[PDB]
Colleague: 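Let me begin by handing over the structure; questions about it come next.
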Amino acid sequence: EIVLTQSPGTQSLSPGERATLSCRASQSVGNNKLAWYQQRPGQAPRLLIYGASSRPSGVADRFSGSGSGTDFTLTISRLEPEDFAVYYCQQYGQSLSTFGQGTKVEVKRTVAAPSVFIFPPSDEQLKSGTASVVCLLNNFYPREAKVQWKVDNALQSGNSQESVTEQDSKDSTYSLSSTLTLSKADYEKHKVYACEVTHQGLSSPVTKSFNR
Amino acid sequence: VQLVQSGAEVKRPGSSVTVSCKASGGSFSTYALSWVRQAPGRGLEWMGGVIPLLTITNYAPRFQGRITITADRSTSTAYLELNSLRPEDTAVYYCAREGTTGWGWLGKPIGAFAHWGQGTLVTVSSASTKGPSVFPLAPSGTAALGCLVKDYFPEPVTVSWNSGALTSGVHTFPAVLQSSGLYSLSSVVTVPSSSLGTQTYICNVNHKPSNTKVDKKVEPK
């Protein structure tokens with residue numbers, strides 16, 4: 001079975017800039033049956049290039065494909081806003097087709113440190129016997145960030161989850177929310193709830209906290 | 001050419017799912033049709049393909065033994081059938097047809113996938129339909145507030161603020177899947193601290209499967 005490697009997996013580039021995405025194949029791709037697809041969040045993939053270099057009509061001409069054998073390249077001559085997306089390579093030259101893991105092209109911008117907010121559980125939730133504490137990291141870049149929870153300065157583990165938004169189309173930032181969950185009885189055994197944040201834009205890690 | 005798929009499905013672990021793909025336009029029987037899946041936040045994975053005229057089928061090694069793909073020429077419909085389901089099969093499943101070269105859709109075949117269905121979400125879980133609870137995330141010159149939408153199944157949930165009138169600063173997060181089998185999400189918005197007195201903030205939550213529709217006022221204190 002043929003492995004296709006798209007590396008790097010993420011490219012941060014500026015609007016208007018040039019982009020070249022690599023797709024290296026573990027074995028020679030028969031008849032250069034190599035395709036490229038674009039996909040945006042909440043949408044089905046769109047075919048961009050086929051046969052290594054052939055572009056269907058309707059597909060924008062700033063997209064070109066090249067290479068043969070085991071070494072292929074997609075070039076985006078100029079990055080328009082709608083081109084920040086994930087791009088997938090695929091071989092279909094065998095009777096077995098495979099896909100590369102994809103490369104995400106995101107908008108590069110200045111380092112922005114998160115605004116950090118914490119929310120204690122609402123009275124309404126407590127009555128039901130559970131307590132959720134939310135830590136909001138708002139409008140940062142780059143994507144990489146880290147939250148750790150500390151309850152009376154004890155490093156928490158296994159009782160929190162987080163999710164990140166897609167890159168904002170206006171300001172090109174990301175936001176993250178972490179949720180810490182304890183039963184009501186457990187929440188009432190402790191005083192200080194704190195979320196500690198690590199990010200490139202902060203020289204030292206930031207803590208927001210409250211006292212139950 | 002239009003690939004319309006069957007709708008979302010919840011399935012018990014160990015069971016089987018059948019997803020259909022109705023193609024309208026061009027010539028159904030002569031062009032390759034493939035099934036591709038995408039687990040949440042993951043890449044595209046090819047599963048198999050058929051050519052209805054020849055009944056010639058190929059299956060990804062990963063899925064061979066667990067999967068059957070058939071094409072029904074009389075109804076111009078393709079079917080994916082996947083067996084012995086596990087949580088890691090939770091994914092969006094796509095049908096995709098190979099493209100053609102020229103004006104119209106009776107051209108020479110290109111192999112690559114020009115046409116795609118809208119997707120069918122198949123959720124593999126033991127959980128049952130449940131509405132979320134909706135809890136405010138109360139504000140403390142920039143303030144943050146929100147709604148915690150907790151313990152619902154299945155996806156999806158849509159959230160808005162003041163019926164769509166408030167969109168600036170709004171971040172609605174992808175759901176996380178709790179250890180309970182239930183999903184949770186929250187939606188936040190930053191706003192000016194001075195307007196917490198003038199302006200009213202309301203998150204509108206919609207979970208169609210349980211018919212939960214809450215318009216929740218979020219305020220300070």
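Computed over heavy atoms, backbone and side chain alike; hydrogens, waters and symmetry mates excluded. Order of the sequence lines fixes the chain letters, A, B, ..., with proteins taken first and strands second; residue numbering starts at 1 for each chain.
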Colleague: Quickly, which of A:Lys108, A:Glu17, A:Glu106 forms a side-chain hydrogen bond (donor to acceptor under 3.5 Å, both in side chains) with A:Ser12? Name it, please.
Modeller: A:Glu106
Colleague: I'd like to check A:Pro56 versus A:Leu47 (side-chain heavy atoms, cut-off strictly below 4.5 Å). Are they in contact?
Modeller: yes
Colleague: B:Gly146 and B:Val218: which non-hydrogen atoms are nearest, and at how many Å?
Modeller: O-CG2, 3.4 Å
Colleague: Among residues two or more places apart or on two chains, list those pairs meeting disulfide (SG to SG under 2.5 Å) that have a residue in residues 137-209 of chain B.
Modeller: B:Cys147-B:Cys203
Colleague: Donor-acceptor check, side chain of A:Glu144 to backbone of A:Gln200, threshold 3.5 angstrom: yes or no?
Modeller: no
Colleague: Do A:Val3 and A:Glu1 have side chains that approach each other closer than 4.5 Å (heavy atoms only, starting at C-beta)?
Modeller: no
Colleague: Start with the C-alpha gap between B:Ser210 and B:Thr212, add the side-chain angles, then the distance that decides, and say whether side-chain hydrogen bond (donor to acceptor under 3.5 Å, both in side chains) holds.
Modeller: CA-CA 5 Å; B:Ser210 69; B:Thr212 323; 2.3 Å; yes
Colleague: Work out which heavy atom in A:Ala85 is nearest to a heavy atom in A:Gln38; give both atom names and the distance.
Modeller: CB-CG, 3.8 Å
Colleague: Show me the pairs that pass salt bridge (charged side-chain N to carboxylate O under 4.0 Å, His left out) and involve residues 180-206 of chain A, at least two apart or across chains.
Modeller: A:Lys150-A:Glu196, A:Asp186-A:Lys189
Colleague: Does the side chain of A:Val116 come within less than 4.5 Å of A:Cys135's, by heavy atoms?
Modeller: yes
Colleague: Please report the C-alpha distance between B:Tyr31 and B:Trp105 in whole Å, then the side-chain angles of each, then the deciding distance to 0.1 Å, and finally whether the side chain to side chain contact (heavy atoms under 4.5 Å, CB included) criterion is met.
Modeller: CA-CA 10 Å; B:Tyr31 299 110; B:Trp105 315 266; over 6 Å; no
Colleague: Would you say the side-chain atoms of B:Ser125 and B:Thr123 include a donor-acceptor pair closer than 3.5 Å?
Modeller: no
Colleague: Answer yes or no: is there a donor N or O on one side and an acceptor on the other, between the side chain of B:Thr90 and the main chain of B:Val124, under 3.5 Å?
Modeller: yes
Colleague: Any sub-3.5 Å donor-acceptor pair from A:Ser163's side-chain atoms to B:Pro174's backbone N or O?
Modeller: yes
Colleague: Donor-acceptor pair, distance only, cut-off 3.5 Å: does the side chain of A:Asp152 make one with the backbone of A:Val192?
Modeller: yes
Colleague: To the nearest 0.5 Å, how far apart are OH in B:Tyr94 and CH2 in B:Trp116?
Modeller: 7.5 Å
Colleague: Should B:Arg66 and B:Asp89 count as side-chain neighbours, where that means a heavy-atom distance under 4.5 Å?
Modeller: yes
Colleague: Mind checking what makes ring-ring contact (aromatic ring centres under 6.0 Å, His included) contact with B:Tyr152, not counting sequence neighbours?
Modeller: B:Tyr183, B:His207
Colleague: Ignoring hydrogens, what is the shortest heavy-atom contact between A:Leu4 and A:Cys23? Give both atom names and the distance.
Modeller: CB-SG, 4.0 Å
Colleague: Would you sort out whether A:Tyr50 and A:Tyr92 count as a side chain to side chain contact (heavy atoms under 4.5 Å, CB included), showing the intermediate values?
Modeller: CA-CA 10 Å; A:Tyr50 73 90; A:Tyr92 54 92; 3.8 Å; yes
Colleague: Are any of the side-chain heavy atoms of B:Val17 and B:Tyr93 separated by less than 4.5 Å?
Modeller: no
Colleague: Does anything in residues 153-162 of chain A pair up under side-chain hydrogen bond (donor to acceptor under 3.5 Å, both in side chains), and if so which pairs, sequence neighbours excluded?
Modeller: A:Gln156-A:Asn159
Colleague: Is the shortest heavy-atom distance from the side chain of B:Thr68 to the side chain of B:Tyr79 under 4.5 Å?
Modeller: no
Colleague: Would you say the side-chain atoms of B:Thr77 pair up with the backbone N or O of B:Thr75, donor to acceptor, closer than 3.5 Å?
Modeller: yes
Colleague: By ring-ring contact (aromatic ring centres under 6.0 Å, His included), which residues pair with A:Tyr187, not counting sequence neighbours?
Modeller: A:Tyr193
Colleague: With the side chain counted from C-beta on, respond yes when B:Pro136 and B:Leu145 share a heavy-atom pair under 4.5 Å apart, and no when they do not.
Modeller: no
Colleague: Assess whether side chain to side chain contact (heavy atoms under 4.5 Å, CB included) is satisfied between A:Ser115 and A:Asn139, documenting all intermediate values.
Modeller: CA-CA 7 Å; A:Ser115 302; A:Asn139 301 3; 5.9 Å; no
Colleague: Quick check against the 3.5 Å criterion: does A:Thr198 have a side-chain atom that pairs as donor or acceptor with the backbone of A:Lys146?
Modeller: no
Colleague: Quick one: are B:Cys95 and B:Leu80 in side-chain contact, heavy atoms under 4.5 Å?
Modeller: no
Colleague: Please list all pairs passing the ring-ring contact (aromatic ring centres under 6.0 Å, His included) test where one or both residues lie in residues 113-169 of chain A, with sequence neighbours left out.
Modeller: A:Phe140-A:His199
Colleague: Check whether A:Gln167 reaches the backbone of A:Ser172 with its side chain - one donor and one acceptor, N or O, closer than 3.5 Å.
Modeller: yes
Colleague: Any chance you could measure B:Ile67, atom CD1, to B:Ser84, atom OG, to the nearest 0.5 Å?
Modeller: 13.0 Å
Colleague: Indicate yes or no for a side-chain donor-acceptor contact from B:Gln118 to the backbone of B:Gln5 under 3.5 Å, with no hydrogens or angles considered.
Modeller: yes
Colleague: Is it the case that the side chain of A:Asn138 and the backbone of A:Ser175 share a donor-acceptor pair, with hydrogens and angles ignored and the cut-off at 3.5 Å?
Modeller: no
Colleague: Count the heavy atoms belonging to other residues, nucleotides or ligands that lie under 6.0 Å from CZ of A:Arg143, then report whether that count exceeds 12.
Modeller: no
Colleague: Testing the 3.5 Å rule here: is there a donor-acceptor pair between the side chains of B:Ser160 and B:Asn204?
Modeller: yes
Colleague: Under 3.5 Å, side chain of A:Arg55 to main-chain N/O of A:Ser64, donor-acceptor pair present?
Modeller: no
Colleague: Looking at CD of B:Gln178 and OG1 of A:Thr179, how far apart are the two atoms once the value is rounded to the nearest 0.5 Å?
Modeller: 8.5 Å
Colleague: Could you tell me whether A:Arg109 and A:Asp168 make a salt bridge, using a distance below 4.0 angstrom between a side-chain N and a carboxylate O?
Modeller: no
Colleague: Could you tell me whether A:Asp123 atom CG has more than 12 heavy atoms of other residues or ligands within 6.0 Å of it?
Modeller: no
Colleague: Using every non-hydrogen atom in the two residues, find where B:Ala112 and A:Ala35 come nearest and quote the distance to one decimal.
Modeller: CB-CB, 3.9 Å
Colleague: Within the 3.5 Å criterion, strictly below it, is a donor on A:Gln91 or A:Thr98 matched to an acceptor on the partner's side chain?
Modeller: yes
Colleague: Under 4.0 Å between a side-chain nitrogen and a carboxylate oxygen: does that hold for B:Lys216 and A:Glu124?
Modeller: yes
Colleague: What's the spacing between B:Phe63 CZ and B:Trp35 CH2 if we round to 0.5 Å?
Modeller: 13.5 Å
Colleague: Search all heavy atoms of B:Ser128 against all heavy atoms of B:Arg12 and return the closest pair with its distance.
Modeller: OG-NH2, 4.0 Å
Colleague: Rounded to the nearest 0.5 Å, what separation is found between the OG atom of B:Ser34 and the NE2 atom of B:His115?
Modeller: 12.5 Å
Colleague: What are the two closest heavy atoms between A:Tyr87 and A:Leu74, and how far apart are they?
Modeller: CD2-CD2, 3.9 Å
Colleague: Does A:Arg62 come within less than 4.0 Å of A:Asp83, counting only side-chain N to carboxylate O?
Modeller: yes
Colleague: CD of A:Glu80: more than 12 outside heavy atoms within 6.0 angstrom?
Modeller: yes
Colleague: Rounded to the nearest 0.5 Å, what's the gap from OG on A:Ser77 to CG on A:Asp61? Could you check?
Modeller: 7.0 Å
Colleague: Check the pair B:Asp151 / B:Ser133 against side chain to side chain contact (heavy atoms under 4.5 Å, CB included), numbers first and verdict last.
Modeller: CA-CA 7 Å; B:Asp151 290 348; B:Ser133 269; 6.0 Å; no
